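Notes for the one structure printed next.
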Amino acid sequence: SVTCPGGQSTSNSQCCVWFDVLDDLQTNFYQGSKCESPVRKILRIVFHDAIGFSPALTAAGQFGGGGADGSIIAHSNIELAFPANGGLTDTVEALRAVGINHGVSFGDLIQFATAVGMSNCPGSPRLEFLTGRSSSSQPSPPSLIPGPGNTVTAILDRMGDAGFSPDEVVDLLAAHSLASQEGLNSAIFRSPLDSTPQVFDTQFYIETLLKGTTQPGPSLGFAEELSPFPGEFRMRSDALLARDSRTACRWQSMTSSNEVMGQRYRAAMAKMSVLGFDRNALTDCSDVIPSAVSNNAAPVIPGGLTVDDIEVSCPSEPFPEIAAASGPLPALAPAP
Ligand code: HEM
Ligand SMILES: [Ca+2]
Ligand SMILES: [Ca+2]
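Residue numbers (PDB author numbering): 8 to 343.
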């Protein structure tokens, strides 16, 4: 054990510098430890930075990518040019300063900012945090980020290559529980992906399984599908992953328990944090991460909609018991 200059107790001396970052982020980046756009933007960044890792590319005789090496910040000039990394310039430049200023690696900062950002949203699990990733990285190979226009096979092959199973792909997507879209359908900027974009819960999995009956904007975006109610946006890849035979059962079990969903996500996020790295070579500083406020609310089927409105895609397994909320049907306001 060690006590930092600030008095904080921690499991290792290199966990001490992190208490100053945590202080910085919460105060400025997060405008007061808040669960808004910054946290959602950072979640896109952590996924997009880590996923630039392909053992298959390497085998083919090409640079496969450095995984969670912070190249998205280190080589933003190249990476932010990728169509998948739109609307991230400011989050990146914001993170770059914090990183330099505090002298921490970009790969560690992104991973740290993620665990910290998650704590600002009610119901989030306490994501593990390891420190010690090299500060040096190369730009990520293009075309390594799965898109909403991609097929389930495309997405699973890409994610499988990176090291994730179909079930883990579903688990990582629990992140869409705190999300919205700004560039898929600009007409309805920031339309939430679920009824609670500020609460880490199972609503995302539940609501994506409801029958698509609503077009929230003047038109149906390129990679957009009908949603269950006004204000909610449904991404084509999410709609397909929820119903595909290869992933439907995992998606289905992720609707009943907030704790289980949280467990699986944390296990998945911990997997993604060390892509291109050796766990043994990193120092655990998980104790620097604050706990998120509890989510006592239980899973429910929104606005007078019943379980019979759910398009059950894994009938081989019993559909979980979930409370049903009375109407009227909701109309989501844009994500804060
Ligand atoms: C596996 C296939 C995935 C696809 C196809 C996908 C796609 C997308 C897209 C196209 C948007 C809309 C961005 C915009 O127009 O603002 C979005 C939002 C978001 N995504 Fe994903 N995603 C995937 C996985 C993940 C993962 C694994 C994480 C992190 C663990 C993540 C976190 C987020 C968050 C928090 C937003 C919200 C951003 C905001 O409100 O500005 N996604 N995603
Ligand atoms: Ca990277
Ligand atoms: Ca939610």
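For each residue, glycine too, the CB sits at the ideal point set by N, CA and C.
Separation of residue j from residue i, as counted between CA atoms
{"i": "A305", "j": "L233", "result": "26 Å"}
{"i": "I213", "j": "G238", "result": "16 Å"}
{"i": "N303", "j": "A340", "result": "22 Å"}
{"i": "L179", "j": "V53", "result": "11 Å"}
{"i": "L137", "j": "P335", "result": "45 Å"}
{"i": "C23", "j": "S8", "result": "11 Å"}
{"i": "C292", "j": "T121", "result": "14 Å"}
{"i": "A66", "j": "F60", "result": "12 Å"}
{"i": "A332", "j": "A91", "result": "36 Å"}
{"i": "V295", "j": "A104", "result": "21 Å"}
{"i": "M125", "j": "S40", "result": "10 Å"}
{"i": "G310", "j": "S198", "result": "18 Å"}
{"i": "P146", "j": "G170", "result": "20 Å"}
{"i": "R133", "j": "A186", "result": "19 Å"}
{"i": "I85", "j": "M166", "result": "22 Å"}
{"i": "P325", "j": "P337", "result": "28 Å"}
{"i": "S226", "j": "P235", "result": "15 Å"}
{"i": "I308", "j": "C128", "result": "21 Å"}
{"i": "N192", "j": "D316", "result": "26 Å"}
{"i": "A299", "j": "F36", "result": "17 Å"}
{"i": "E43", "j": "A342", "result": "7 Å"}
{"i": "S202", "j": "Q188", "result": "13 Å"}
{"i": "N157", "j": "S260", "result": "24 Å"}
{"i": "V111", "j": "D30", "result": "14 Å"}
{"i": "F70", "j": "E231", "result": "33 Å"}
{"i": "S131", "j": "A194", "result": "30 Å"}
{"i": "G77", "j": "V281", "result": "12 Å"}
{"i": "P297", "j": "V123", "result": "7 Å"}
8 Å contact criterion, which residue i and residue j should meet: CB distance rounded
{"i": "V314", "j": "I329", "result": "7 Å"}
{"i": "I79", "j": "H55", "result": "6 Å"}
{"i": "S244", "j": "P149", "result": "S244 to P149, Cβ: 19 Å. No contact."}
{"i": "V159", "j": "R241", "result": "Going by Cβ atoms, the distance from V159 to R241 rounds to 15 Å, so no, they are not a contact pair."}
{"i": "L163", "j": "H183", "result": "At roughly 17 Å, the Cβ-Cβ gap does not stay under 8 Å, so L163 and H183 are not in contact."}
{"i": "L95", "j": "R51", "result": "7 Å"}
{"i": "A277", "j": "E135", "result": "5 Å"}
{"i": "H109", "j": "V28", "result": "5 Å"}
{"i": "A63", "j": "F284", "result": "With a Cβ gap of about 18 Å, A63 and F284 do not count as contacting."}
{"i": "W258", "j": "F119", "result": "Actually they do not touch by this definition, with Cβ atoms about 29 Å apart."}
Status (buried if at least 16 other CB within 10 Å, exposed otherwise) for residue i
{"i": "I49", "result": "buried"}
{"i": "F229", "result": "exposed"}
{"i": "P204", "result": "buried"}
{"i": "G106", "result": "buried"}
{"i": "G190", "result": "exposed"}
{"i": "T220", "result": "exposed"}
{"i": "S301", "result": "exposed"}
{"i": "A88", "result": "exposed"}
{"i": "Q210", "result": "buried"}
{"i": "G269", "result": "buried"}
{"i": "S83", "result": "buried"}
Validate contact between the stretch 106-123 and the stretch 135-142 using beta carbons, cut 8 Å, 3 pairs: Three or more pairs of CB atoms, one per stretch, sit closer than 8 Å, so the stretch 106-123 contacts the stretch 135-142.
Contact between the stretch 247-261 and the stretch 208-224 is defined here as three or more beta-carbon pairs at a separation below 8 Å; is this criterion met? Counting C-beta pairs with one atom in each stretch, the stretch 247-261 and the stretch 208-224 have three or more that are closer than 8 Å, which means they touch.
Does the count of Cβ pairs from the stretch 170-189 and the stretch 12-19 closer than 8 Å reach three? Here the stretch 170-189 does not lie against the stretch 12-19, with fewer than 3 beta-carbon pairs under 8 Å apart.
Which residues neighbour ligand 1 when neighbourhood means a C-beta less than 5 Å away from any of its non-hydrogen atoms? List them by chain order. Output, sorted by chain position: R47, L50, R51, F54, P153, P155, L179, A182, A186, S187, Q188, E189, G190, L191 and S244.
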